[PDB]
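Computed over heavy atoms, backbone and side chain alike; hydrogens, waters and symmetry mates excluded. Below, chain A is the first sequence line, B the second, and so on; all start at residue 1. Start at 1 and go down the list; that is how both ligands and their atoms are numbered.
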Amino acid sequence: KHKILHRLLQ
Amino acid sequence: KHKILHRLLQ
Amino acid sequence: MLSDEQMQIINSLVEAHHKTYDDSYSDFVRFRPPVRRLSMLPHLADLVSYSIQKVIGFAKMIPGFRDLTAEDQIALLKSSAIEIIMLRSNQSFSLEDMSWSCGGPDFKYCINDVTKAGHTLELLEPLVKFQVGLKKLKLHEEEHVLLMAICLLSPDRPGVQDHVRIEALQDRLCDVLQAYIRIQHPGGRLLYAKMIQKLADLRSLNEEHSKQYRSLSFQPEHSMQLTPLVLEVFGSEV
Amino acid sequence: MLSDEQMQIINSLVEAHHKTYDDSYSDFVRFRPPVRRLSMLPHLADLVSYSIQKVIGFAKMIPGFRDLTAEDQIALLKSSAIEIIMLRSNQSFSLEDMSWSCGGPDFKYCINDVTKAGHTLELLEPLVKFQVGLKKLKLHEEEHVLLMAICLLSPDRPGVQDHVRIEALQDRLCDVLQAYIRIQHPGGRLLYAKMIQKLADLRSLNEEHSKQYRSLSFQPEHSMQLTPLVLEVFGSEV
Ligand SMILES: C=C1/C(=C\C=C(/C)c2cccc(CCC#CCC(O)(C(F)(F)F)C(F)(F)F)c2)C[C@@H](O)C[C@@H]1O
Ligand SMILES: C=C1/C(=C\C=C(/C)c2cccc(CCC#CCC(O)(C(F)(F)F)C(F)(F)F)c2)C[C@@H](O)C[C@@H]1O
């Protein structure tokens with residue numbers, strides 16, 4: 001659900 | 001699911 | 001001779017297009033600016049997103065589109081929006097430049113500008129050849145808008161419920177276009193068939209574009225640059 | 001005397017802030033431009049969205065934040081991002097102007113500019129008074145970054161799992177801040193308590209801001225102007 005946040009968290 | 005599209009369709 | 005109900009349909013399709021297409025392109029100064037890593041995705045995502053609102057505006061003024069169930073309206077728009085976009089961009093396409101020219105060198109989009117937004121020549125090779133062949137047809141304003149309205153009113157889209165009803169709508173527009181050409185477009189004897197062919201190429205362009213959108217939207221570093229309406233309309237939710 | 005492990009924590013919090021905060025504000029030319037109906041929501045939504053990426057970048061360099069389960073990292077960030085934003089904006093806040101000045105009159109944001117983005121004086125009245133009182137504290141660079149890191153490492157947020165672990169992290173930062181002030185900040189005898197109070201006001205500012213974001217995000221005409229990361233981070237998904 002946090003598709004962008006996971007990406008951003010490397 | 002088309003929250004914006006419904007708005008835009010008046 | 002066109003009927004009175006036929007030229008009404010032409011009168012309101014032309015007016016609908018004029019209210020939703022601004023030849024000054026002055027709103028374009030409000031998009032995230034163009035950068036020429038994919039440097040044009042913010043500006044182009046904004047340009048498409050804005051265009052989608054114009055197509056929704058145009059659609060709501062097609063005779064009897066508003067009368068459809070709100071699920072059909074959404075179904076028609078999710079599948080056809082990108083084709084109407086490609087169709088309507090013909091108005092800024094320039095054979096002299098081989099680019100869409102929207103007033104100023106900063107809103108002049110070469111093929112390269114579009115590759116710097118995620119897309120490949122596999123979509124940009126057929127798309128430009130579609131643009132020039134449509135440009136060569138030299139359509140009257142009434143034909144352009146009729147074709148966009150026929151495109152939007154296609155029954156054979158995924159998710160449409162009233163197949164009967166909107167096929168009848170699209171039938172009524174095709175007959176207007178056939179009559180308009182024969183009566184008002186001198187030398188138009190083959191024009192209707194060429195236009196119909198353009199609809200077919202649109203399905204091929206749509207398919208390639210949807211492929212390439214998928215791969216963008218599966219990479220969060222790129223999909224975070226899209227807008228909320230792009231993601232809702234080009235998205236795959238049912 | 002600070003320990004050697006204490007000044008390491010200060011050294012890497014300062015470096016983390018320097019890598020994620022660009023005093024030239026030159027990236028700001030890439031946001032949808034400011035318009036001064038809510039005319040500033042595109043530019044401000046873009047500004048917050050960009051700031052959120054800087055805070056994610058900063059957080060990933062706090063000692064041991066990366067060591068947390070990826071669910072805790074997200075939980076910490078979804079609840080604290082807006083407070084870190086309010087904290088870090090102090091660096092561009094100007095007591096002379098009563099505005100955030102980011103290089104150029106076009107990136108100078110009065111209170112009015114923020115109301116033209118959806119927000120009311122119910123959030124902007126306490127937010128500005130928080131800004132000036134924090135500005136008056138005249139924090140060292142080391143204290144500013146310590147406070148942002150203590151804010152982010154709060155155990156008492158909704159959705160955090162390892163309450164034990166990150167309370168210990170935040171404990172280790174508070175002790176650094178207490179020691180730094182006493183040893184390096186002359187006349188700092190009450191500074192630690194004032195800083196702690198600033199954290200409390202942040203929870204009150206967060207609560208008001210989340211209220212006002214809800215009402216924006218419940219109106220599609222406005223929420224379509226937000227960005228995908230804003231909607232994912234300030235959004236209420238668990
Ligand atoms: C659109 C118009 C105009 C020009 C059209 C252009 C330049 C154009 C060029 C190549 C391809 C397309 C199709 C839409 C796409 C996409 C992007 C994307 O796939 C992604 F960004 F992800 F790359 C997405 F945005 F759709 F998501 C449009 C100008 C004016 O004639 C108004 C008209 O309406
Ligand atoms: C943020 C920073 C800076 C300034 C902060 C400003 C001007 C500011 C002013 C008032 C309030 C806030 C808090 C975030 C909000 C919101 C908007 C919104 O609620 C909505 F848009 F919906 F209205 C959303 F965007 F959050 F959604 C920031 C500049 C520089 O110091 C970098 C720093 O990082």
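Within the 4.5 Å cutoff, no side-chain heavy atoms of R7(B) are placed close to those of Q219(D). Counting heavy atoms from C-beta on, the side chains of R157(C) and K78(C) never come closer than 4.5 Å. Counting heavy atoms from C-beta outward, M86(D) and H209(D) have side chains that approach closer than 4.5 Å. Looking at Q212(C) and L216(C), their side chains never come closer than 4.5 Å, going by heavy atoms from C-beta outward. By the 4.5 Å heavy-atom criterion applied to side chains, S12(C) and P63(C) are counted as neighbours.
Applying the 4.0 Å criterion to heavy atoms of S51(C) picks out, from ligand 1, the atoms 1 (C), 2 (C), 33 (C), 34 (O). Residue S92(C) has at least one heavy-atom neighbour below 4.0 Å for each of these atoms of ligand 1: 29 (C), 30 (C), 31 (O). When each atom of ligand 1 is checked for a heavy atom of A117(C) under 4.0 Å away, the hits are 23 (F). If you number the atoms of ligand 2 from 1 as listed, the ones under 4.0 Å from a heavy atom of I85(D) come out as 1 (C). Close contacts of ligand 2 with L41(D), meaning ligand atoms under 4.0 Å from a residue heavy atom, involve 20 (C), 21 (F), 22 (F), 23 (F). Set against the non-hydrogen atoms of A45(C), the atoms of ligand 1 under 4.0 Å away are 21 (F), 25 (F). For ligand 2, the atoms closer than 4.0 angstrom to any heavy atom of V230(D) are 27 (F). Each of the atoms 29 (C) of ligand 1 lies under 4.0 Å from some heavy atom of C102(C). Near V114(D), the atoms of ligand 2 lying under 4.0 angstrom from a non-hydrogen atom of the residue are 9 (C), 10 (C).
Contact check on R203(C) versus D156(C) returns a salt bridge, with a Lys/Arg side-chain nitrogen under 4.0 Å from an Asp/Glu carboxylate oxygen.
Between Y25(D) and ligand 2, no pair of N/O atoms sits closer than 3.5 Å. Any N or O atom pair closer than 3.5 Å counts here, and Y213(C) shares no such pair with ligand 1.
One side chain, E141(C) or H18(C), offers a donor N or O that lies under 3.5 Å from an acceptor on the other. Side-chain contact, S92(D) with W100(D): no donor N or O sits under 3.5 Å from an acceptor N or O. If you check the side chains of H6(B) and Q73(C), you find no donor sitting under 3.5 Å from an acceptor.
Only the side chain of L226(D) comes within 4.0 Å of ligand 2, counting heavy atoms alone; its backbone N, CA, C and O stay farther away. Neither the backbone nor the side chain of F93(D) has any atom closer than 4.0 Å to an atom of ligand 2 (non-hydrogen atoms only).
Selection from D23(D), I82(D), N206(D), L127(D) by nearest heavy atom to atom 11 (C) of ligand 2 gives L127(D). Of the candidates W100(C), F28(C), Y109(C), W100(C) brings a heavy atom nearest to atom 8 (C) of ligand 1. The residue from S89(C), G118(C), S49(C) that puts a heavy atom closest to atom 3 (C) of ligand 1 is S89(C).
In summary, of the residues considered (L229(C), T227(C), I85(C)), a side chain to side chain contact (heavy atoms under 4.5 Å, CB included) with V48(C) occurs for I85(C) alone.
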Side-chain donor-acceptor contacts of residues 107-118 of chain D below 3.5 Å, not counting sequence neighbours, with atom names and distances?
from	atom 1	to	atom 2	distance (Å)
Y109(D)	OH	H43(D)	NE2	2.9
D113(D)	OD1	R36(D)	NH1	3.0
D113(D)	OD2	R36(D)	NH1	3.1
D113(D)	OD2	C110(D)	N	2.8
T115(D)	OG1	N112(D)	O	2.9
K116(D)	NZ	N112(D)	O	3.4

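Look at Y21(D) and you'll find a heavy atom under 4.0 Å from some atom of ligand 2.
Protein heavy atom closest to atom 32 (C) of ligand 2, with residue, atom name and distance, is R88(D) NH1, 3.8 Å. Nearest protein heavy-atom contact of atom 17 (C) of ligand 2 is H119(D) NE2, 3.5 Å. Looking only at protein heavy atoms, the nearest one to atom 15 (C) of ligand 2 is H209(D) NE2, 3.4 Å. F234(D) CE1, 3.0 Å is the protein heavy atom nearest to atom 26 (F) of ligand 2. Protein heavy atom closest to atom 22 (F) of ligand 1, with residue, atom name and distance, is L216(C) CD1, 3.1 Å.
The main-chain N or O of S204(C) is never found under 3.5 Å from a side-chain atom of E208(C) such that the two would form a donor-acceptor pair.
For atom 28 (C) of ligand 1, no protein heavy-atom neighbour is present inside the 4.0 Å cut-off.
Between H119(D) and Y213(D), the distance from one ring center to the other does not fall under 6.0 angstrom.
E83(D) CD to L147(D) CG: the interatomic distance, rounded to the nearest 0.5 Å, is 10.0 Å.
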